[PDB]
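Heads up, the chain below is alone and in the form deposited in one PDB entry; it's given as structure tokens.
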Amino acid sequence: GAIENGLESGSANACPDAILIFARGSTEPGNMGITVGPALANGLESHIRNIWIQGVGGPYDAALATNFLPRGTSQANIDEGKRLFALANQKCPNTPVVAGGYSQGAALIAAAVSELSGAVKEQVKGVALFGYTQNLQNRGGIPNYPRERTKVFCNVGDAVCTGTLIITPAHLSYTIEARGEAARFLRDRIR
């Protein structure tokens, strides 16, 4: 963080050991944000040195209003996520992909992954979600995506996890989980 474009600017002659695609929370700066994104990128880089890191930018301006759409974000945003997954498959079809999302970015990634197709979906070895706004609606998981490849961090007092769009202090508190337990999970999923 706070801006990472490793996948967009990376060249197909120099594919890495892994690719991380991350969607930030509402109102966070850049395309990685400054809390969970960098923490996750950091933790994962400690286990896998040769890695491309990609924030979800483009139309995804992390607006407050878009939270109130069905599925927890706009289709434009979801589509930008899908684009990046497809670009990873085009550039580096043999490189494993992992993904992460925080708050509205979790909604984004969950939706995008669910709509992915066959080979491109298979490339996505693992997904970590934090303060998942559709946790109740999607019953703790991502539609059409193996539960064993999914890991959801939803703190106990975090009201978004129980179908309410309000922000408690628990929602602001995922950086340790992201750097530690979540990075280990995704590393494992890459082997």
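Residues that one form lacks are left out of the comparison. So that the term is clear: the rigid core is the largest set of C-alpha atoms that superpose within 1.5 Å between two forms. All residue numbers are counted from 1 along the displayed sequence.
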### Task
Look up the CA B-factors in the entry and say which stretch, 16 to 24 or 168 to 176, has the higher mean.
16 to 24
### Query
Is the mean CA B factor in the deposited entry higher across 98 to 106 or across 75 to 83?
75 to 83
### Message
Where does the C-alpha B-factor of residue 61 rank in its chain, lowest, middle or highest third?
### Response
middle
### Message
Among the modelled residues of this chain, does the Cα B factor of residue 130 put it in the lowest, middle or highest third?
### Response
lowest
#### Entry: Modelled-residue ranking by C-alpha temperature factor, third containing residue 111
lowest
### Task
Taking the chain's C-alpha temperature factors as the reference, tell me which third residue 48 falls into: lowest, middle or highest.
highest
### Query
Lowest, middle or highest third of the chain for the C-alpha temperature factor of residue 136?
middle
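One more form of this protein exists, namely the form deposited in another entry; it is left out here, but the text below deals with it.
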#### Entry: Core-superposed C-alpha of residue 64 shifting 2 Å or more between this form and the one not shown
no
### Query
Can we say the CA of residue 171 moves by at least 2 Å between this form and the one not shown when the core is superposed?
yes
### Residue pair residue 172, residue 71 - Cα distance in the other entry, closer or farther (3 Å or more)
farther
### Shift in CA distance, residue 171 and residue 137, in the other entry relative to the form shown here, given it is 3 Å or more
farther
### Message
Give the residue ranges, in sequence order, where three or more consecutive C-alphas each shift by 2 Å or more between this form and the one not shown after rigid core alignment.
### Response
166 to 173
